[PDB]
Each structure stands twice: as structure tokens, then as C-alpha cells.
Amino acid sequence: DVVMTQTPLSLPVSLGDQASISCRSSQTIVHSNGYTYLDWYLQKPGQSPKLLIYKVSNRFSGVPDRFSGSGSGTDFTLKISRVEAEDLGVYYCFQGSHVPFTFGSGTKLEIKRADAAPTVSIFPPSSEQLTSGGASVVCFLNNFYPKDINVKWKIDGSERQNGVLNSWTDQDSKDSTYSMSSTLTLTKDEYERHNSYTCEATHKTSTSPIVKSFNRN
């Protein structure tokens, strides 16, 4: 197997700056017939992988000239000049010269932007859910930079740890921010047993936590 080793595995690039990805290889991708079937692909979150570069340097139609590929035999590079926000996703180098055909591991391209506070929103369980006998309390932490964030739940002003599930977004393709959602799930009985429910985010952008709360009545 021709091992494809990509450096780095993570690429933090500022908006407008050049971004280069290195692909090294176990053997020569120069095929018996003389051609070099080395390709670059792009997989944006939630999409199929798309062809960007073929045969080392040739870019697939519809791919902007901002993308260019170079290198030879064992060593290869892909450069993205003047990076845009919609460029983020995973970049793969790929060899089609020697069976089996092999991909490199991913190069994740993340972008750097200005600091942004999270917009915090708290929601009581809906009437529909209460009727089923469950009671989820959902809190949104939206459009913040950078990645790091934490949530503390309080039932009646006391920290609740058990029963909480969290989910983080991939980087947004428009405004380049991250997002998070937290869900405290209870029984209607457990939920009706208490009164105040608070959601608090700590971010690096503020000293104090953003506190959003509601009372069951």
C-alpha cells in the first residue's frame, strides 16, 4: 500500500491569507505509463467529496484558479491563495497509481476571525412534550469565536450535572463562527418538582457568565 501522509492535520488560516497543504508518499505515484495520478479532493461538512485538482497540477472545471497543485513523484503540495470563508472543510490527497488506491488522512482547514460573544437563549419544554411525560430544557449558545465554551445548568440555583447532552457545530461557512446546544432532559414529574432553570455560558470574551433563566410558572 502507498501510504499518503498529509501535513498538517489542522490548518488555521486567517481570511485572505495563503494556505498550503503538504502530501508525502511511500512510493512513486509516477505510473508505469508515465502519468502521475495524484489528485486533491474537498469534503465540506455534510457534502460529498469533490474533485479539485487532478494529475498533480490540473484543476477540475469550475474550480477557481485560487487552487493550484504542484510537486513530483513522492512529494506534493496544494496551495489556496486568498482564502474565503466557504473554503473550509477537509482536504484529501489521493493516489490512483498502484492498487489499492489510497487517500491521505484529512487536512482540516479552519479559519481565524475576530472574537465573538455567544447569543444565549433558553427554552422551557413545550406543551407537546410535557404531555408525553418527558421534559427537555434546551439552551442555545450561538455564533461565537473561538471553539472553547462551557455550560453550567442550575435547577433551583443548584448546579445540575447528570442528564445533560451537548452538541457543537462545525465552523459556519458564512460568518466563520462556532455554535453549541445543551439539553437538560427530565421527567414531567422531576421537572414539576422544581421551579427555576438557568443556563450559563462562560466564554473567554467575558468575565461574567451569560445567564439566561425562566421560572416554570
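Counting begins at 1, following the sequence as shown.
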### Task
Averaging the C-alpha B factors as listed in the entry, name the stretch that ends up higher: 26-34 or 161-169.
26-34
### Query
Quick one: higher average CA temperature factor, 170-178 or 44-52?
170-178
## Note on the structure
residue 217: CA temperature factor from the record, placed by chain third, in the middle
### Chain-relative CA temperature factor third for residue 140
lowest
### Query
Considering only modelled residues of the same chain, in which third does the CA B-factor of residue 188 rank: lowest, middle or highest?
lowest
### Query
Going by the entry, which third of its chain does the Cα temperature factor of residue 199 land in?
lowest
## Note on the structure
Temperature factor at the Cα of residue 39, chain-ranked in thirds, falls in the lowest
